[PDB]
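Data block below; observations after.
Heavy atoms only: backbone and side chains are in, while hydrogens, waters and symmetry mates are out. Chain letters run A, B, ... following the sequence lines, proteins first, then strands; residues in each count from 1.
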Amino acid sequence: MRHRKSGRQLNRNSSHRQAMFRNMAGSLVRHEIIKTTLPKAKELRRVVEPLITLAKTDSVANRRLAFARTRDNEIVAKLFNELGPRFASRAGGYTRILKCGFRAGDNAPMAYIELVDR
Amino acid sequence: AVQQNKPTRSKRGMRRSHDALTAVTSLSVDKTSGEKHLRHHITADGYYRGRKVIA
Amino acid sequence: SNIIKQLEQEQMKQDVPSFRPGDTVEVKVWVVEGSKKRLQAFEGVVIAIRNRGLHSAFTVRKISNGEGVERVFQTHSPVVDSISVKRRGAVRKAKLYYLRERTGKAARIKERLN
Amino acid sequence: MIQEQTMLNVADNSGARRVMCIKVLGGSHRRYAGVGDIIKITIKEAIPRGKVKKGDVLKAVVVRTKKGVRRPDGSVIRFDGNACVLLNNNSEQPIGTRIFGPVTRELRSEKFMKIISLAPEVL
Amino acid sequence: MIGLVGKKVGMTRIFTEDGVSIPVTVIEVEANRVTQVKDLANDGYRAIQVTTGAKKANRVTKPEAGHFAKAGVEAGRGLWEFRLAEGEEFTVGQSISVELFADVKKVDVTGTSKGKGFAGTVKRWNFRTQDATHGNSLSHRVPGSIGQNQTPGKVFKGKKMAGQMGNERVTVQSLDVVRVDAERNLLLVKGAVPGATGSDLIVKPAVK
RNA sequence: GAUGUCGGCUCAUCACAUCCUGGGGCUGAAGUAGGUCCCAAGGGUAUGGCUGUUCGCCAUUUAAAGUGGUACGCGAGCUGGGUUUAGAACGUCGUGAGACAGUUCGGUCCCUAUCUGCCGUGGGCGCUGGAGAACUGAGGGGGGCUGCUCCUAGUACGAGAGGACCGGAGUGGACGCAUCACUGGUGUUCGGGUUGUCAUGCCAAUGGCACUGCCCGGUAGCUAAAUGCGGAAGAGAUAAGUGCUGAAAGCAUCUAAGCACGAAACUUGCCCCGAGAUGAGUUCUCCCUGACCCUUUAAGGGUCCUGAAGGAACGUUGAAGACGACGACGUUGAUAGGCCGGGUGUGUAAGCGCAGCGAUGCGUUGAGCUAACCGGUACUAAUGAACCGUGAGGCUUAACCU
RNA sequence: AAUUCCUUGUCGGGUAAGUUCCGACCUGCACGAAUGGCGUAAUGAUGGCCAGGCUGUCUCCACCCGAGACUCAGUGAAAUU
RNA sequence: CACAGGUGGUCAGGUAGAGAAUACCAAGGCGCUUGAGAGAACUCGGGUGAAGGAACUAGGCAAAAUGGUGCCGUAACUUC
RNA sequence: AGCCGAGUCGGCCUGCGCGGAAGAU
Ligand SMILES: *C(=O)[C@H](CCSC)NC=O
C-alpha cells in the first residue's frame, strides 16, 4: 500500500535521484527551456520553484543556502540578479509544461518545460 | 510441466481473440494554422492553441 | 477540521504553567479509597514532552525505595489537580533517555537560572 | 508480560534471590501474566539459612513489571524490572514477613490485603 | 425503525468528571428529505426513499432532475431506502433530522471498509509461517499443502487462498450513543466504525 | 521401455463404536460425588525433559487433552535425523577374497503449468424502441466454545462431618471482524552530533565518498503488544423419554380413533453475496412525431434531409488499484502542483560584537530550517470542436372505449 | 567400553522433569598384552555433554531500502505431443 | 559464444596507517551494447524492532556478539 | 373377567409380515 504518500522512485536510489535533479535544475536555469520525459518534468517543478521563491530576498545567508542546494556560482548569480526581480510580483507558477510526441529509441512520452516569461 | 496433447488451431484463434489494436478516434485542428494534431499536444510546426511556442 | 477543533477547544485547561525537559516538577493527583478522596504527590525529573493539543502528555522519572519508576501523564485530564516547578535544568536535547543507564553522581543535572 | 523461562527478582524476605517461571495458570493456551496474576515457579538461587531452599516448586504473584499498567484516563506506570512475592502452594498466603519496594493499587482485593498493608508505598 | 445517512468526520475523546476517557467517533447528520413512498398496492412492500447533501446542477442528468422535480425537493448526492413497520407513516417532501435519536441508547453503523488490494494467506487468513533457517528452500510465506491424494483427486470449493482483501460492506453492532447535538447536526458514538475519513455511513437503532 | 516407501513442518476433509458441553431411564441413587445403559456430530479438544523416533515413561496445566478413514491424507509444497551405494574401525564367522533385521564416525533431494480443479478480476452477446437510477428475493455462504466469584442459602438433605436442584448478577481464557483517539514499533523523502580523506583560490562556511560512514531524536502512512464490538434471547416441527382420555379383550393398557409436553442436532431469527432466477422479475424519471425510388410484395433493398436522451475518448487525479475495473473534477472551476497563514519535529543558524594567551564561553535568540498534515488562494496545467448512439417501436386472441 | 544381545541393567551426581553425559559395581551374550596392554603434558576446520555473554532461532510477526515478478516499445528460445 | 573462469616477468606518487592490509585521492583509464513506467502477492540481497531470551531444532544450522596500544594481574596440571 | 346371562381357556401343524441391523467426497 502507498496511502497518502508523495514522491517518485524512478527505478533509482536516493543518492542518484538527488544528483540527477541537481544537474537538471542547473540546466533549466541556464537555458530557460529543456526537453525531457513527462514524469521527470512533473518532478522537477518541486525542486526548481522553491529556489526562485528563496531568491526574492537577497542576503548572505540566502546566497549560501542556494549554494548548498546547487553548487554553482553562475547559477546562484543568475538566480539572485535576474530571476527574482523578474518574478517579484507573481504568486507561484513560474514554469510551464507542454506535451510533445514519443521518443524514437524506446517510445517514451516527452515534454518541454520552460519559464513562463521566456 | 508440459502438455500431454497438442493444442489445435481453433484454440490458438480463441486465445488470440483479444489482441486487436485500437485506432485514434479523431484528431484536432489548430485555430491559427489549420494543422491536425493529437489532442493536448503541440503540432509539427510548433503551435499550440493558436500560439507559436517553439521556433 | 473546524468541527473537531471546536469540539476540542471547549475541554482544554487554561492554567498550565510552562516547563521544559530537564526541570524538576511536582504533580498532585486524586486518589480514591472507599468513599474518601485525597491528594497524593509525585516529584521528579521531566524527560519527555508531547505537544499535541488536547492530546498532550509528559513523562516523569524518579527513584523510590531503591527502585526506578516512570509515569506518563495526560496533560488535560481532571485526575491531575496541579503542577508545580521546583528547579530549572540546563540540557541540550529534547529527549533524555540516556539517563536510564546513569546512577548517582553520574546522573546530576546542572542548574539554568535563566 | 511474563511467560515461561522468564526470570524474576523477589520482593520479600523469605530467603530467595532469583526465580524462574514454569507455568502461567488460568485457562487453556494462556500466554502472558501481568500485575495481579498467579504463576508457578522453581527456585534458582537462595541465601544460606532462609525458609526456602534451591530447587523447590511453589506459587507466586506478580507485583512489578517493565511493561506496566494502564489507567482509566490513559496513563501508564512502568518499573525498571520484574519482581514477585512467594506464596504457599496450598493456602496461597505469603511466606515472608516484610515487603521491599513499591506496589500498585491493582492488588487491593480480599486476597492480597496483607501485602497492601505491609508495603512501604502504594502507587 | 427507520435510520439515517451521515458522513464520517473523525475520532476524538470525551473526559468525564470521575476521570474517565471515552474514545468517540464523530458523525455529521444533516436533514434527510423524503423522495418516494412505496406501498403494498403499487409496489408490493412498504418503504421510504431519502436523499441528503447537495449536488452541482451541471452534473445532474435529465432523468434524475425529473425524478427530483416530481417530489419537489432539491437535488442531493444519492438515494437510499428504508423499510417501514406497522403504524409508521410519512409524506413526500418531508424532512427528518438527527433529533430522531434523542432517546435511543445503542445503534448499528454500516459502511465500506478500507481496501488493501491483493493479499497473501498470512495476512488474509492468519496462516503460520514456516522456518526461516534450518535448510528451508524458497518456502517461507507460501501456503503449504492444498489437498489429498488420488482420493478425492481435486480441490474442494471454498478453500482459503490469496486474493483481494477489503473494500466491501461491513456492519458493526451495538454501540453506545454518547451524545446527540441538534443545533450543529452531530452524533457522537463510542468506539470505531468502518471506513475512511469522508465516507458515507448508515445509522440504525440496534436490532439485538 | 520406473506408481519416490519412516518420522517432523504447513494445510486439511469425512464417519460415529461420544473425550467435554446438551437431554434422559435404572441404581446396592439421603446430600456432595459416583456406577451402568439410551438419544445427540453444532462448536471445542495442552506446553515441556529424554530419545531419529510413531509409541512410551516422567514434570506441570485444562471443561476436556476422543477413536478411526482419506496411496498407514499431504516431497512437480518444505526438511533429510532414521532405512538403503562407494571411505574407515570394533566384536563375531571364514585359510581367504569378504560377510552380519550387531554397533560406530562421514556422506549432491531436478522441472518457466497446456488440460481438469480452486482463489480473485475483466471483455462479448442475450433478456424484443433506446437511456439513467432505486429495488423484490429463487438460491448460496459465514457464525454457533467455555471457566471462576457472588445472591437465593449455611436454606432443602443429613446423628454429625458436609452441602444442593431451579432462578438471577458480575468478571475472565481461546477465537473472529473493524479501527488509529490513547500506549508503542518502523519512518535510507525532516532536524542535529561526530571520525578519516578529497574539493569549492585562502580564513570562515559548505558539498561528495566510506553498509543511510557511524550514531541520537522524529511528521504523515502502514501497523500489535494498543481498544471498541460479537457467539444470543424468541418461534415452528421433533429424538430418547414422560403423560391424558379410551376400546379391541365387561377388567387393565401413552394408541388402534382423538389430545398435551419434550435437546447445543433440523427449519427460521443475526451478518455478507445474489435476476445469465434463459422461469433473464418490479417501480420512478427522460428522449426521438421528414420526403422519395425499385422489386421476386416482405419482420424486403436503396437515396436525400436529420443526429435526441445518453455514452465513450482525451486531460488533472484518489485513504481505488498487478493491468482492466471503481470514485472525484475539466474556466459557469479548488482536481493536481506551486504560493500565503498555522501546526508538528529538531533544539538557540549565519553574520556581527564582548571576555579569554588559547581550545571555548556569553548577547542579539527558543533562534534558523522544517516531507506525506489543517485552513485558504486561479499563479501554471485541465481547448472551441470532432466521434458512437436515430427518426414513435412484430403477429394472434380476450376484455373495455369510442 | 568406537566391543554388552537381554537393556532405557543397578547405585550416585547434575535438571521441575535426562533412552544422551560424568563416577562406580562385575552376571566380560562375544576385552587382553608389538594384526600390541594400561596411562600421558602439548596439539585438532575431529565425536559426545554442561555453563556465562548474545541475539527475529522461537512465542508471533510488523515496517522500510534496493533487484525481478506487472504494463508499453524492439528482438526472440525449450522439454513434450 | 564480444562466456561473472584460467594464465609467468618488470615498474611502485600523496594524507592517515606497523604495513604491498584498509579508506579517500594523483598520473592514467572507465559507466560493463536493450530501454521507459508503476510502486500488488511471492522469491532474491540488506537495515531497524515493544516484552521475553534457546521455550526452536536431529543439532544454537543461520544470525547476533568479541576485536587496538600501554600498564596492573593471572588457577589445576606439566615431558619444566 | 369384574364387582350377571353367552361363551372362555391353553397346547399342535401351517402361509405372509415385525425386532435382532454401526462408517468413512
Ligand atoms: C531395497 O534395498 C531398496 C528397494 C528400492 S525399491 C524402489 N533399495 C535400496 O537401495
Below 3.5 Å, can you tabulate the donor-acceptor pairs from side chains in residues 45-52 of chain C to any protein atom, sequence neighbours excluded?
unit_1	atom_1	unit_2	atom_2	d
C/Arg50	NH1	C/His55	O	3.2

Identify which part of [X] has an atom lying under 4.5 Å from any heavy atom of chain D, answering side chain, backbone, both or neither.
X	answer
C/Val69	both
C/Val31	side chain
C/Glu67	side chain

Close approach to chain C in [range], criterion heavy atom under 4.5 Å:
range	answer
residues 92-119 of chain D	D/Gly101, D/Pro102, D/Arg105, D/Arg108
residues 13-20 of chain D	none
residues 27-50 of chain D	none

Query raised in the report: Is a side-chain donor-acceptor pair under 3.5 Å present for C/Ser64 with D/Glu121?
Result: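 Per modelled atom types, D/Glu121 and C/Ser64 side chains form a pair under 3.5 Å.
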
Requested in this report: Just do the side chain to side chain contact (heavy atoms under 4.5 Å, CB included) check on D/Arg71 and C/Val79 with the steps written out, would you?
Outcome: CA-CA 11 Å; D/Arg71 286 280 155 94; C/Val79 182; over 6 Å; no

Report task. Assess whether atom NZ of D/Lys54 is packed by more than 12 heavy atoms of other residues, nucleotides or ligands within 6.0 Å. Result -> no

Query raised in the report: Is the number of heavy atoms from other residues, nucleotides or ligands within 6.0 Å of CD (C/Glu101) greater than 12?
Result: no

Report summary line: Heavy atoms of D/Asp73 and C/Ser77 approach each other most closely as OD2-OG, 3.3 Å

**Report entry** Residue pair C/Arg71 / D/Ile77: nearest heavy atoms and the distance that separates them
**Finding:**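 Between these two residues, the closest heavy atoms are CG-CG1, 3.9 Å.
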
Query raised in the report: For D/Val69, is it the side chain, the backbone, both, or neither that has a heavy atom closer than 4.5 Å to a heavy atom of chain C?
Result: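 For D/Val69, there is no contact with chain C at all, as no heavy atom is under 4.5 Å.
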
